[PDB]
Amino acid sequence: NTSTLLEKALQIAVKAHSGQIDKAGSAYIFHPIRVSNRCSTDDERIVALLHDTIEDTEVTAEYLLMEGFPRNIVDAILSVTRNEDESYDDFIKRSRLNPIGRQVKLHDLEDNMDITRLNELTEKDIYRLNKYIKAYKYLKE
C-alpha cells in the first residue's frame, strides 16, 4: 500500500527505528524526519529518512536494494554511514565526495547541533559538538 519510493523510505524508517530514543529523550524516528525537512530534493529526502537505518537498525544496504531503491540512493546512504575501519575525519571526507550524501550529512550535523532540544549539556557533549562543527565547516568548503 505504498504510492511513491519516498513514502516507502518513510515506512521503512518508522518501522526500523520503532522503540529507539535519541539522547534528548524523544523517539529517534523524528531525527531523520527533521533532517528530511531541511532537504531540498526528493533524492535528498529519501536518503535523509534512511541515513541512520543501516547503522542503528536491522536494515541493510542489501535489503534496500532488494526493495527497489536505486543504486545512487543506496550509495548515498552508504556515504553517510560510517564504517568502523575508518576515522571520523575519513568518514566526513567520504561523505563530501557524494552529492546527495554531502547535503544530507550537513542537515544531519545541523540537527545534531540543535541544543535547543536538549535538557542539559556536559563536557562529553562539547567534545562531540566540536567535531560536528569541524565536520560542518569541512563539508561547506
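Residues carry their position along the shown sequence, with the first being 1.
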**Request:** Averaging the C-alpha B factors as listed in the entry, name the stretch that ends up higher: 6 to 14 or 19 to 27.
**Result:** 19 to 27
**Item:** Highest recorded Cα temperature factor - choice among 52, 85, 114, 108
**Value:** 85
**Asked** Mind checking which third residue 36 falls in for C-alpha B-factor across the chain?
**Response** lowest
**Record-listed C-alpha B factor of residue 60: chain third** = lowest
**Item:** Third of chain Cα B-factors occupied by residue 81
**Value:** lowest
